[PDB]
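Taking it in order: structure first as structure tokens, then the write-up.
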Amino acid sequence: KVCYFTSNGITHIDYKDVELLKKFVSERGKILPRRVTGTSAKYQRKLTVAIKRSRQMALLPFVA
Amino acid sequence: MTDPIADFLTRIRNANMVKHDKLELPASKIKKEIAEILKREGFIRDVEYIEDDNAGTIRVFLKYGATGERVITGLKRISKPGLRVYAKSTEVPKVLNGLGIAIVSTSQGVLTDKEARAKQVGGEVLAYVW
Amino acid sequence: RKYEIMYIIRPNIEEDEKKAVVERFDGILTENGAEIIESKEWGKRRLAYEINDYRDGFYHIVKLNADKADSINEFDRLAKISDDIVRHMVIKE
Amino acid sequence: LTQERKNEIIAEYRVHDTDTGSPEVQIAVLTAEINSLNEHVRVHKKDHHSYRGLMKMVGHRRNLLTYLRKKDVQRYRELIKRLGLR
Amino acid sequence: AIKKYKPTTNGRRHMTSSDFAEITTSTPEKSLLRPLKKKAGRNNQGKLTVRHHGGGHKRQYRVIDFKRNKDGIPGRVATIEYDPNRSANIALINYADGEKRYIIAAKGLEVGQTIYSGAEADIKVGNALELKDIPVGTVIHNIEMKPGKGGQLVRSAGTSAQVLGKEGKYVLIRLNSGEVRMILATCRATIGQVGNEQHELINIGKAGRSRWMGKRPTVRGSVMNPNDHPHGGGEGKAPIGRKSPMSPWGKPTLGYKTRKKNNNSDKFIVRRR
RNA sequence: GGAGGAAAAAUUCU
RNA sequence: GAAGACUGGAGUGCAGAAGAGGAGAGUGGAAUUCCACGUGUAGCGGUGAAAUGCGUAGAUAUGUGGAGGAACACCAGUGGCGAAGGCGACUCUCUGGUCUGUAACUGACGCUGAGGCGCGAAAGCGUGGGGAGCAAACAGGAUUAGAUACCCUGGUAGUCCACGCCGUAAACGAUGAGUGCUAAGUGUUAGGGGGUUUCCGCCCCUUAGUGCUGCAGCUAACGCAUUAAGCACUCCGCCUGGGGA
Ligand SMILES: [Mg+2]
Ligand SMILES: [Mg+2]
Ligand SMILES: [Mg+2]
Ligand SMILES: [Mg+2]
Ligand SMILES: [Mg+2]
Ligand SMILES: [Mg+2]
Ligand SMILES: [Mg+2]
Ligand SMILES: [Mg+2]
Ligand SMILES: [Mg+2]
Ligand SMILES: [Mg+2]
Ligand SMILES: [Mg+2]
Ligand SMILES: [Mg+2]
Ligand SMILES: [Mg+2]
Ligand SMILES: [Mg+2]
Ligand SMILES: [Mg+2]
Ligand SMILES: [Mg+2]
Ligand SMILES: [Mg+2]
Ligand SMILES: [Mg+2]
Ligand SMILES: [Mg+2]
Ligand SMILES: [Mg+2]
Ligand SMILES: [Mg+2]
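Protein chains in written order, with the working numbering: chain A, 1 to 64; chain B, 1 to 130; chain C, 1 to 93; chain D, 1 to 86; chain E, 1 to 273.
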């Protein structure tokens, strides 16, 4: 039920922080849904933008 | 917007249907005249003029009879911006066969049907109320 | 406007050619109008998925403060011609 | 249109030391913006939403000019001669 | 663009032509002109060997630089002008030495630019480099086949090729016809597409406008005599009363492949058109 | 109860 | 009607916010098809059952490499933006609109709008490219009494790109635009203020959107009900028994 980003107060989700993004991606490199993690919608879409930019530059796995 | 007197009548009509006791709206000269007339014929109970530094407001208390009977049973607008209505001294109508009243603005100010027919003057009819 | 350009150099490039490419690009990025404020170097990292024939790469980061939007353009095309750079990205911070 | 550029437009056609709502400054800013969008539309032919924005501001400026004319004539003549309209 | 004519006359009804809005000057460089005389398809022996040629406007030849050997010297585009001997336009270049040379005008070339050639040249439209150092995927033109000979393969108006890969001593190229071919890596090429790409849309409109270009009428073989053409003869109109349509010299003309079957250059062609 | 997504089966006639 | 005066309407200023709003250029991965090469042998594909079809000239399958085109899995949500049609990969450049906060500024500068101008899914037309999948027309194999169909195997225009036409739809919320008044309960999107609280969090108040249940009221009924189909005013468009049409 708790978000994560709002609770800790962090506002900007950089696309270089791999460890933060690794928590919100599944075993086979899939973005987890919002109903499972509990992230707020605004930070959810910001996190997806960051994840896609990180993944596009050979830094997160597209598959597996 | 377009017609403030129609808004006045609609406000009283809605508050009367809801059985509201108090009503407030922005004030003007003609609004105060209509409220004073309605108070004279006893349709409403009391009216106050509250001073605010935009235009001023008027607050009317709706009056209900014993056992929750509505004193005011209807308001209709006659003169409209799209169609003005003017009545002569011998053409002024009797509202509800004398049971109700009409408001007419003649050269001597705003009056009711009885006053207009007593002085044999005519003007424009604003509304019927009964 | 503030930018941030982070790119990848091939893993087999020796130190001399790597640094030569580094100053070459840092020069061709500032000759068209730019005030470079930081050029760090992440270094050797693995790749989540492979590229043309490589599994590792040297990640390099540079931060810009140009207000003309043309220098970056030049970098783009040069980055698309040089075979030492395998991938690049420009992000407007 | 960057904010500072609009600031010089405001400062040039201001009526008194702190005037921002007079029709003069509004018409001047609108003229600058519509010139910029005319350039952009001349560049991009098939950007229709920006063209709707152009038409909206042109209509707004026309109503503003009509109001200024019906309020005062000398000020209207001065504006049309200074900014080169019609 | 393409100019269009009003139907003032029956011969002007369907004509279209260019507007020459890209042509800067109308006088050629006097020191690079040579005379041309019409051959009218006539042989070494005065015989007519190629039909439907002869009798147009007279022209003069422009010496055009196809080799592009002048390395390291910058050259400015001075003019873009008309050449009657080819479909594309040409450009006059003033090199820093003070000497002038003609090149084919590529698409996106305008007056005032600077054009280089050699190993140190950048990959810009108008420059010339060897194929060994041109990045894969670029669009090129004026490809040459033998090193030092001069540009020969892509030269018409609006045409362009593309680099597909490298095979060590050779480089793969996809020519304008869709044929993948191996070219020696030491040969040269010029970056960009040739620039008169509207040339395809011209409508001649008149019988006599073809004659200004040197094109005499062509007669169908079905309206000849049996001793003139295999299609000749017959009472009234006649169909092609043969197994296949045939050229005026025999040798079937529809679908018959005429490339030599034991040609040496067949090993350098990766896939046919 | 209402909204969204979504599988597997399938002969003809009266 | 004229001359003055004032901010509630309207607009600008100052500070923040969100978004698949639009145009241009470049790039990315998964998958399908085709081509070349290793391993390997008799079937593969398909249906309610079959057959046409591909395959010993060696398939289907599996591994490696190359070519090209179209669409963007997870995020994804009666979520968001736009006047409508509509808009889902990533980066940059050029641009339109909206919301909240303040009360600095002008002072009715507003609403609607016949005729005009412009935008407008898909299908279709003209010129030039591109063509991997799908697929009108078409052919074959089946079903059937017949099968100009549904089902199977292939397949051209078209679907894609640029410029120019066309101007239609169940173009629908089957509900024209503007303004104000009229019980509540409960989700969600973008903001603002206060109280609890070291923060987090929880609670209350308010603006603008988007869902559901429901009072008065309205309706022939179904039902609508602060996002009215309730109560009122301004302006436009349209209707007058079915077919012919
Ligand atoms: Mg001929
Ligand atoms: Mg002929
Ligand atoms: Mg004959
Ligand atoms: Mg013969
Ligand atoms: Mg014959
Ligand atoms: Mg005959
Ligand atoms: Mg022959
Ligand atoms: Mg359902
Ligand atoms: Mg306001
Ligand atoms: Mg295989
Ligand atoms: Mg004042
Ligand atoms: Mg109309
Ligand atoms: Mg279409
Ligand atoms: Mg077409
Ligand atoms: Mg089919
Ligand atoms: Mg219609
Ligand atoms: Mg309709
Ligand atoms: Mg309405
Ligand atoms: Mg709401
Ligand atoms: Mg309901
Ligand atoms: Mg109804």
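Yeah, the Cβ is synthetic: ideal placement off N, Cα and C, and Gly gets one too.
Residue contact check for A48/C against chain A: a CB pair falls below 8 Å.
Residue burial annotation: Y67/D is exposed, with fewer than 16 other C-beta atoms found within 10 angstroms of its C-beta.
With a cutoff of 8 Å on beta-carbon distance, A41/A and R35/A are scored as not near each other. Residues of the segment 6 to 18 of chain C with a C-beta less than 8 Å from any C-beta of chain A: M6 and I8, listed in chain order.
Counting only the Cα atoms, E4/C lies some 13 Å from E41/C. If you ignore the 5 residues before and after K169/E, its C-beta comes within less than 8 Å of the C-beta of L184 and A185, all in its own chain and listed in chain order.
For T106/B, the enclosing beta strand (DSSP E) begins and ends at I101 to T106.
For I140/E, the nearest beta carbon of chain C is not closer than 8 Å to its own beta carbon. Contact between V129/B and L75/B is confirmed by a C-beta separation of about 5 Å, below the 8 Å threshold.
Residue pairing by DSSP places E4/C opposite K63/C and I91/C in a beta bridge. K44/C: member of the beta strand (DSSP E) spanning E38 to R46, first to last residue.
Residues of chain C with a Cβ closer than 7 Å to the Cβ of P33/A do not exist; the shortest Cβ-Cβ separation is about 22 Å.
In this structure, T218/E has its beta carbon less than 7 Å from a heavy atom of ligand 2. For the segment 68 to 79 of chain C, the set of positions with a beta-carbon nearer than 9 Å to some beta-carbon of chain A is empty. The segment 102 to 187 of chain E is shown to contain whole beta strand (DSSP E) runs of 3 or more residues at 128 to 130, 139 to 141, 161 to 166, 170 to 174 and 180 to 184, in chain order. When Cβ pairs closer than 8 Å are counted between the two stretches, the segment 53 to 61 of chain C is seen to touch the segment 5 to 20 of chain C, the count reaching three or more.
By the neighbour-count criterion, in which 16 or more other beta carbons inside 10 Å mark a residue as buried, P230/E falls on the buried side.
For chain C, the residues of the segment 114 to 126 of chain E that bring a beta carbon within less than 7 Å of one of its beta carbons are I123, in chain order.
In terms of Cα proximity to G178/E, the closest of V270/E, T25/E, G72/E and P28/E is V270/E. Contacts with chain C at 8 Å (Cβ-Cβ) include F62/A.
Within its own chain, the residues whose Cβ lies closer than 7 Å to the Cβ of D71/E, once the five positions on either side in sequence are excluded, are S117 and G118, listed in chain order. DSSP places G75/E in no alpha helix (DSSP H) but in the uninterrupted beta strand (DSSP E) bounded by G75 to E81. Between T67/B and the set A15/B, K19/B, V121/B and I101/B, the nearest pair of CA atoms involves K19/B. By the criterion of at least three beta-carbon pairs nearer than 8 Å, the segment 11 to 21 of chain E is not in contact with the segment 49 to 68 of chain E. At a cut-off of 8 Å between C-beta atoms, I81/C counts as an interface residue with respect to chain E. Non-local beta-carbon contacts of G151/E in its own chain, meaning distances under 6 Å to residues more than five positions away in sequence, involve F66, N142 and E144 in chain order.
Taking C-beta separations shorter than 7 Å and ignoring five residues to either side along the sequence, the partners of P84/E in its chain run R59, following chain order.
At a beta-carbon threshold of 9 Å, none of the residues of chain C lie near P252/E; the nearest stands roughly 49 Å away.
Under the three-state reduction of DSSP output, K56/D falls in the helix class. Nearest to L29/C by alpha-carbon distance, out of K68/C, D16/C, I13/C and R45/C, is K68/C.
Between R70/B and the set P4/B, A15/B and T10/B, the nearest pair of CA atoms involves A15/B. Around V2/A, the same chain offers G38 as residues with beta carbons nearer than 8 Å, after the five sequence neighbours per side are excluded. Taken through DSSP and simplified to helix, strand or coil, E235/E comes out as coil. Taking CB atoms only, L20/A has no neighbour in chain C less than 8 Å away.
Under DSSP, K100/E forms a beta bridge with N94/E.
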